[PDB]
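Trainee: my complex, first installment, coordinates as in the assembly:
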Amino acid sequence: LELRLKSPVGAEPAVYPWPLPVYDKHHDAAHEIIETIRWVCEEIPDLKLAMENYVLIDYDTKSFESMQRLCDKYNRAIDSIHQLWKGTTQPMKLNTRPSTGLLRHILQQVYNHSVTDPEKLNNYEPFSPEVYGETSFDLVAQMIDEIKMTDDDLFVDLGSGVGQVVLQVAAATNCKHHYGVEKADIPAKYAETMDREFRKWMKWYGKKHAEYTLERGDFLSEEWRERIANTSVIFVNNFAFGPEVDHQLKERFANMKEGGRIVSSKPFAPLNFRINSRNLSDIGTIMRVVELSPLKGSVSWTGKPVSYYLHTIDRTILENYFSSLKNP
Amino acid sequence: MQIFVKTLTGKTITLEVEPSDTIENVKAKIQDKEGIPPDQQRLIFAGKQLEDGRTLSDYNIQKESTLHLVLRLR
Amino acid sequence: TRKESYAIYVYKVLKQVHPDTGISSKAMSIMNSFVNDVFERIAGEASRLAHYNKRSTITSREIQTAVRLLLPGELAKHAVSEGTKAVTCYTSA
Amino acid sequence: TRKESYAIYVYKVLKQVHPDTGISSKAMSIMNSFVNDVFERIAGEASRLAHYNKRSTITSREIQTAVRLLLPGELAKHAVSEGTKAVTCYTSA
Amino acid sequence: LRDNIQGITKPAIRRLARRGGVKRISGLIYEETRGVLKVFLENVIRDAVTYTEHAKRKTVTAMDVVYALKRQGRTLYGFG
């Protein structure tokens, strides 16, 4: 006694048993099928015409067969698409990237079906690097708008959580391989299932992501001294790591080369930094700090919006100060 | 012999040494014409990092050859 | 009478941050009176913190938590951090 | 484990003013926390008048001029007189 | 824990104003005072917690809050 959704791209179907389980307050597998038919009709335009016909309001989540009724009407229409693709109609593009409306559906589907218990994401010791804190849906999609990435570029997160910042970036651009390094335990135990389902949820919806891995262990292990020195783009949530934990990140940031861009909550370096013979040790001599625009309509616990600060390793200034001590 | 020191910033200096000189006397003479703090200077010869008391004759860099300078932050 | 002040030490710290700037003899006496006043506020609290634990020694630890009371939010974040490194540097020497 | 107070002394002072009156234990621990506060202003003022005049002592002359500063007008004018009587009465006896 | 600042009710602030002598309250004061009471408590508690961390304890006694208000300039009699 289950519910079946036939794959529009010919992959293995996703089966959800009855009764349909509840993941959290606002994302459950019963309503998730309503959006699944809603977003897959956005995928195949001929499939959208099949659900404009004869799909009336009168279907409810309490009834099994009535939820099955739209599902059985979906399963009849997928067979109409696959026989249409065998003729002169070209198939849907498989190697494309999911749009933000479809990256809305897939990642939350990975967030729900992999991470069963979100309460276990909150079992930590506070005021520590073990403090769990995730990112909003828009601000990572804001970085997709505002920050340019390529294949020589490599997006690696520090303290990824369940890793949805890498997931929203590895699906966005084409970096060669990603790392999400996790000192926390319980979102890393979910990251094994976040890795399995998401690679499968790019099979069922049929889009492309980049190569990624969410890794458990130490980001302050001494292997990652040069592995950070291999990284181009580094995301870090330094609100409550502790500054000596951030100072040991400043140890690993002494070995980074040109073009490194760090997007972080608490500034390593002030916006109004100035180089003099007192702050020769400080980190603002080599990177410029600019504040990315915090989200409109987003109030945090303090009352100010969450500020992530764009950096850029630019060693231009440091020789210029050394030149302007000769000058005049 | 004279050597050439090519940096990461595109700027290359024309610095004149002896073939027997130590890097410490070079890093002092880099502090002459460039004034960059030698305790924040970091030199590389071709995968062999220059150490202070070590010479050129330890490393046997040829005349009119190319070095690499890195700006380390203390 | 040979009187003491901090008149020379501020002049060194001025040349670290601005070599091309001097400081006149009126606005020297402000910075002389200033450091004589911030020292009395901080070394006032280390008197008050020791009695409350009924101890009789100002360690380096009371100054660290006298500063986190007495200065504002943002400014105390650097000054505590600037202090620890100087003790750290003092430990190797 | 001793924990002192000024509690028994107010019972003497209360009965010599209103002998037909009592006092609750709530408003007892106000008057215990009042004398501890008036002390540490007066005893905390002679700490400055000793060192503003480069001295090391505390006579009954500093304590007289610590009361002059702290208490307001008509109240200061009696408390100096009530004190100096008890210096002289301790003196001749 | 989240959002207990609505727990200070609308008739609570109403009771406080009548002790001061307010005959007639407007309607927007109830969102002002929930801002005034929060900012006042963030300066008392921050100092009192900082006394606790110096003593190497986890328990905040009544003789920490009094040493927070005394330094603040609001000396409290009656709790030791």
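Mentor: Thanks, I have it. Residues are numbered from 1 along each chain as shown, chains lettered A, B, ... in the order given.

Trainee: from here on, just use CA atoms for contacts and neighbour counts.
Mentor: Will do.

Trainee: residue 28: neighbouring residues, count only.
Mentor: You didn't pick a chain, so chain A it is. Neighbour count for residue A:28, taken as other CA atoms under 10 Å in any protein chain shown: 16.

Trainee: oops, chain B please
Mentor: Neighbours of residue B:28 (other CA under 10 Å): 17.

Trainee: for it, what are its contacts?
Mentor: Residue B:28 makes contacts with residue B:38, as judged by CA atoms under 8 Å, 6 or more residues apart in numbering or on different chains.

Trainee: what helix or strand is it on?
Mentor: Element membership for residue B:28 (DSSP states H and E) is helix B:23-33.

Trainee: what residues sit buried inside that helix?
Mentor: For helix B:23-33, burial by neighbour count (16 or more other CA atoms under 10 Å in any protein chain shown) applies to B:23, B:24, B:25, B:26, B:27, B:28, B:29, B:30.

Trainee: the fourth one reaches residue B:18, doesn't it?
Mentor: No: counting by CA atoms under 8 Å, residue B:26 sits too far from residue B:18 to count as a contact (9.4 Å).

Trainee: rewinding a little: heading C-terminal from the helix holding residue B:28, find the next helix or strand.
Mentor: Per DSSP H and E, the helix or strand that comes after helix B:23-33 is strand B:41-45.

Trainee: in what helix or strand does the spatially most central residue of chain E lie?
Mentor: Centroid check for chain E by CA atoms, centre = their mean gives residue E:41 as the closest residue, at 4.2 Å. Assigned by DSSP H and E, residue E:41 belongs to helix E:29-54.

Trainee: also, this goes in as chain F:
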Amino acid sequence: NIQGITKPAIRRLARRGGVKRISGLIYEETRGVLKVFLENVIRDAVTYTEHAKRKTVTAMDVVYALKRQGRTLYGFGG
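Mentor: To build on what is shown above, here is chain F added in:
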């Protein structure tokens, strides 16, 4: 003496504060505020000078009055 504090000088102070238009009964108000204020300072200033067994009010005795007042002054040798 307090009469000697003029009419335009109080008009010179209030322009520093940002006042644009001044009434007429301010001029015996602000003489009255000032005459209070010095009776708090000098009474404390004299009481330090009484204690030092002197008759010459130094610069320090005015500064120690204003510290104790909570009106701390920088720039006279604190």
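
Trainee: could you re-examine the neighbour count of residue B:28 with chain F now present?
Mentor: Other residues close to residue B:28 by other CA under 10 Å number 17.

Trainee: same check, this time on residue E:59
Mentor: 11.

Trainee: quick one: residues contacting it.
Mentor: Counting by CA under 8 Å, 6+ apart, the residues that residue E:59 touches are residue E:52.

Trainee: how about the one 4 residues further on?
Mentor: Applying CA under 8 Å, 6+ apart, we find residue E:63 in contact with E:79, E:80.

Trainee: list the buried residues in the strand or helix carrying it.
Mentor: Using DSSP H and E, residue E:63 falls within helix E:62-72. Residues E:64, E:65, E:66, E:67, E:68, E:69 are the ones in helix E:62-72 that count as buried (16+ other CA under 10 Å).

Trainee: that one: how far from the chain's middle?
Mentor: Averaging C-alpha positions (CA atoms, centre = their mean, to the nearest Å) puts helix E:62-72 12 Å from its chain's average.

Trainee: what is the nearest of the buried residues of helix E:62-72 to chain F?
Mentor: Chain F has its nearest neighbour among the buried residues of helix E:62-72 in residue E:69, at 17.5 Å by CA to the nearest CA.

Trainee: residue contacts, residue A:234?
Mentor: A:155, A:156, A:157, A:158, A:260, A:261, A:262, A:263.

Trainee: quick check: it is in a strand.
Mentor: Yes: counting by DSSP: H, G, I helix; E, B strand; the rest coil, residue A:234 is part of a strand.

Trainee: next up, the contacts around whatever residue of chain E ends up closest to chain A.
Mentor: In chain E, the residue that lies nearest chain A is residue E:2 (9.4 Å; CA to the nearest CA). Shown in contact with residue E:2 (CA under 8 Å, 6+ apart): no residues.

Trainee: sequence below should go in as chain G:
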Amino acid sequence: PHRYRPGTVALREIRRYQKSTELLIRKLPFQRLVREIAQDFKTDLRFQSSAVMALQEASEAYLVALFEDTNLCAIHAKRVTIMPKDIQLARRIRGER
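Mentor: Putting chain G onto the chains we already have gives this:
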């Protein structure tokens, strides 16, 4: 039935409340407020049950002083009704942020 005129009720509260001494804010909603603010400075802090009574006493005696000095201002502007550009005024004059 009967109706009091508007205003005659509140004048009877002011005479009633200015004689009483009990804490006008309730005991327990206030305690879930103090533990929440103290949550974001250090976690796992145990409050004595006499230290929570300290914060309730000192936070009424601040706010009563606020509404006394609110109410000198609204009468000063010939009004009777207190408005939030009085509370933002009085904290500006006392020198607060």
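
Trainee: since we added chain G, can you redo the contacts of residue E:63?
Mentor: E:79, E:80, G:51.

Trainee: how about residue G:58?
Mentor: residue E:76.

Trainee: so where does it fall, helix or strand?
Mentor: Per DSSP H and E: helix G:51-76 holds residue G:58.

Trainee: which residue sits closest to residue 10, ignoring its sequence neighbours?
Mentor: Going with chain A. The shortest distance from residue A:10 to any non-neighbouring residue, by CA to CA, 6 or more residues apart in numbering or on different chains, is to residue A:204 (8.0 Å).

Trainee: oops, wrong one, chain G.
Mentor: residue E:23 (6.4 Å).

Trainee: so how far is residue D:36 from that neighbour?
Mentor: According to CA to CA, to the nearest Å, residue E:23 and residue D:36 sit 40 Å apart.

Trainee: looking at those two, which is more packed in?
Mentor: Just comparing residue E:23 and residue D:36: by other CA under 10 Å the higher neighbour count belongs to residue E:23, 19 against 13.

Trainee: tell me the contacts of the more buried one?
Mentor: G:7, G:10, G:11, G:80, G:81.

Trainee: what's across from the closest residue to residue A:261 other than its chain neighbours in the sheet?
Mentor: Closest residue to residue A:261 apart from its sequence neighbours, by CA to CA, 6+ apart: residue A:312 at 4.4 Å. As for beta bridges, residue A:312 partners with residue A:288 under DSSP bridges.

Trainee: now swap in residue A:4 and tell me
Mentor: Applying DSSP bridges, one finds that residue A:4 bridges with residue A:15.
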